[PDB]
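S.K.: Pasting a structure below so you can have a look.
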Amino acid sequence: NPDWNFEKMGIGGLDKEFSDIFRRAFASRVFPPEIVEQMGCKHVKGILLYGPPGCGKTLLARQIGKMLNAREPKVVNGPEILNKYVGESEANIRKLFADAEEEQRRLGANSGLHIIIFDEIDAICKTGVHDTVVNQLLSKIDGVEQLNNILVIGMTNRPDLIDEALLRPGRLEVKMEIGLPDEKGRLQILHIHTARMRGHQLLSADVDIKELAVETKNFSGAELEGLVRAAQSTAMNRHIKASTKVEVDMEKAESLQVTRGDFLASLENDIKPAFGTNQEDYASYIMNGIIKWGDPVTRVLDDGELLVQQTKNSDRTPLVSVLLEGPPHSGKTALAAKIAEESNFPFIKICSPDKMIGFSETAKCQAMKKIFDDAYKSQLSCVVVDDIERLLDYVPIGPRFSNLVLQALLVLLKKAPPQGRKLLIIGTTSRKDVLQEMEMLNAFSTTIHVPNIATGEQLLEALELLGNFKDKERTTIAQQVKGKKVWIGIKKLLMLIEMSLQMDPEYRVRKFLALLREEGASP
Amino acid sequence: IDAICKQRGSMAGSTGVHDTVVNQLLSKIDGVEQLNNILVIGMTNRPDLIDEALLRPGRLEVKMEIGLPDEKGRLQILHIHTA
Ligand SMILES: Nc1ncnc2c1ncn2[C@@H]1O[C@H](COP(=O)(O)OP(=O)(O)OP(=O)(O)O)[C@@H](O)[C@H]1O
């Protein structure tokens, strides 16, 4: 039988798609032809493969051409059919059907299978020349005479611009989607390149190919080869003392080694990716780390762990929400980012207003919808939304705000993901009364409170952990602040310390204390 | 180079002479026959108008940006022109 493997194709994921085809898309072929003719059914003869540029599509087509006792596939590269003279292109299109018609007449459908490969079909299919070509191809594929031994495979990166009539059933039946070169493929390519040098013992042992493969992301085979060549260039130039004139070469220009340093230098400053990659700048939201100046941090973190484990191991509460609360400058987004990082989930993302400046309500709604749609594809995911009041931009005058964003958030806060999947949501804000007065506080399942430095001993402990002031100043600070309560956030404390450290040592303490007096307050 | 090479299509004419030129150039630079004793240098003011196909691995694939000079460059240019 066809006995699909998909490991035959030397790739990954095809498991699912191969299954599809072998079991149900294609199957009439294996079935006895007489019964197929007797009842009905229709052999599939149209497959379209769409995805970003890569070597997977051509390799898959070659594997299929090896996946059957067929002829040699006929491949046309680009719009070579187009001709200056009238009539040549459609003539050639018909000329391609040579052996097919030969077998479709001498043995009809009872002959060998014919494979047709189209590269960048979008160029030819989408004014007289183009419409004539499209009509000729459509008639030849499906016309008065039916061919039962021709298969057409097309590859494109812009499926939206293909003719709709070409997607009618019986012309392009099967749809296939492609992706990018995975980590295992990148390792295979790097091994196919490097090994040659490994055999000659010319490669430094310090090189670790796994690390290089990990660093390279979104790099195709050509890009990896270019990176290797640039590493070779940086290695060989060590002996090329060329200058304004060009001396070139030395007594050690041979027996060269593509060292790791050359690889890294070429990767950073020589060869740039043509697509880039993702980005997770947790350092942006966590710039100065977390310092345990008291008990509240531990309480917040423990509640976060409890919520995470409830989300992970629940059956009838697949969706859970929580709200971070506190006064301004209390450090709320950093704690949420820390909890998300400690979650250890496959999918984590942050929605922040810093990425939406000058947007209208519709753009913000579309961005949020896209993020949640992406989150709905994984098995268990976490999402954090910070500065809710800056999202539905709010002003105490009027008051004024955006209703579309508020309604979208209210709808999204209680929509469960598809069956068998888990989602966690963490929201941060510094204005609870406003949200409560909007009837939005009842959507969240629970809340947590972020406090501020209250007692002087906590301030002294924070100073000691920061390690900025010495014992002499600490004695006076404790003397003057121990017998009184304080009210300050950590971010403001860092700002005050940085501001006060500018002046000369004789005044610093006083200046600092002066500032601490001006910023004092009570809840 | 941008005068000759522009994105395929995107032109309103019946002759279609702006596409055959690009296709012939692409075939000759990188075709079935392997020619490896040539180097092509192309300079332009508007890199965007160039057809995307010509800018890729194999075809061209090394691109330099010449920017405004710095204080040292200005000094060198003035010295050169005042020598
Ligand atoms: N124990 C801590 N908890 C939280 N943040 C801390 C802690 N120690 C140091 N930090 C740092 O203090 C800063 C807190 O600022 P953050 O942006 O988290 O506060 P915020 O209340 O969200 O700000 P704002 O109210 O001004 O929008 C961060 O740089 C964070 O890394």
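Chain A residue numbers are taken from Swiss-Prot; in order, the displayed residues are 210-335, 344-740.
Determined via electron microscopy, 3.1 Å.
Each Cβ is built from the backbone N, Cα and C atoms, and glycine gets one as well.
Swiss-Prot lists A:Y259 with the feature phosphotyrosine, giving similarity to another entry as the kind of evidence. Residues or ranges marked as ATP binding site in Swiss-Prot: A:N505, A:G506, A:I507, A:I508, A:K509, A:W510, A:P545, A:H546, A:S547, A:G548, A:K549, A:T550, A:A551, A:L552. Sequence annotations record features per position, and here Swiss-Prot assigns Mg(2+) binding site to A:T550. Residues or ranges marked as phosphoserine by Swiss-Prot on the basis of similarity to another entry: A:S569.
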S.K.: Where A:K509 (ATP binding site) and the residue listed as 'phosphoserine' are concerned, what is their Cα separation in Å, rounded?
M.R.: 26
S.K.: Please check each of the recorded positions A:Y259, A:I507, A:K509, A:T550, A:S569 and report the ones with a CB atom less than 6 Å from an atom of ligand 1, ordered along the sequence.
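M.R.: With ligand 1 as the reference and 6 Å as the Cβ limit, the list reads A:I507, A:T550.
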S.K.: Calculate the distance in Å between the alpha carbons (Cα) of A:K549 (ATP binding site) and A:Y259 (phosphotyrosine), and round it to a whole number.
M.R.: 44
S.K.: Non-local Cβ contacts of A:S547 (ATP binding site) (under 8 Å, 6 or more apart, same chain)?
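M.R.: Within the chain, A:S547 (ATP binding site) has Cβ neighbours under 8 Å at A:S647, A:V667, A:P668, A:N669, A:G706, A:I707, A:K708.
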S.K.: Which state, by DSSP, holds A:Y259 (phosphotyrosine): helix, strand or coil?
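M.R.: SS state of A:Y259 (phosphotyrosine) = strand.
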S.K.: Rounded to a whole angstrom, what is the C-alpha distance between the residue listed as 'phosphoserine' and A:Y259 (phosphotyrosine)?
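M.R.: Their Cα atoms are separated by 33 Å.
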S.K.: About how far apart, in whole Å, are the alpha carbons (Cα) of A:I507 (ATP binding site) and A:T550 (Mg(2+) binding site)?
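M.R.: Pair distance, Cα basis, whole Å: 12 Å.
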S.K.: Rank the binding-site residues A:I507, A:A551 by the number of other Cβ atoms within 10 Å of each Cβ and report the first-ranked residue.
M.R.: A:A551
S.K.: For each of A:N505, A:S569, count the other CB atoms within 10 A of its CB; which of these recorded positions has the top count?
M.R.: A:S569
S.K.: Have a look at the recorded positions (A:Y259, A:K509, A:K549, A:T550) and report the one with the fewest Cβ neighbours inside 10 Å.
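M.R.: Candidates: the recorded positions A:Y259, A:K509, A:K549, A:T550. Fewest Cβ atoms within 10 Å: A:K509.
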S.K.: So the record assigns A:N505, A:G506, A:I507, A:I508, A:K509, A:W510, A:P545, A:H546, A:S547, A:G548, A:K549, A:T550, A:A551, A:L552 to ATP. If I measure every Cα pair among those residues, what is the longest distance in angstrom, as a whole number?
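M.R.: The widest Cα-Cα gap among those binding residues is 19 Å.
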S.K.: Round to a whole number and give the Cα-to-Cα distance in Å for the pair A:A551 (ATP binding site) and the residue listed as 'phosphotyrosine'.
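M.R.: For A:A551 (ATP binding site) versus the residue listed as 'phosphotyrosine', the Cα atoms are 41 Å apart.
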S.K.: In the three-state scheme derived from DSSP, which category covers A:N505 (ATP binding site)?
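M.R.: Note: A:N505 (ATP binding site) is coil by DSSP, not helix or strand.
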S.K.: Looking only at Cβ atoms, how many others are within 10 Å of the one on A:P545 (ATP binding site)?
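M.R.: Neighbour count, Cβ to Cβ under the 10 Å cut-off: 11.
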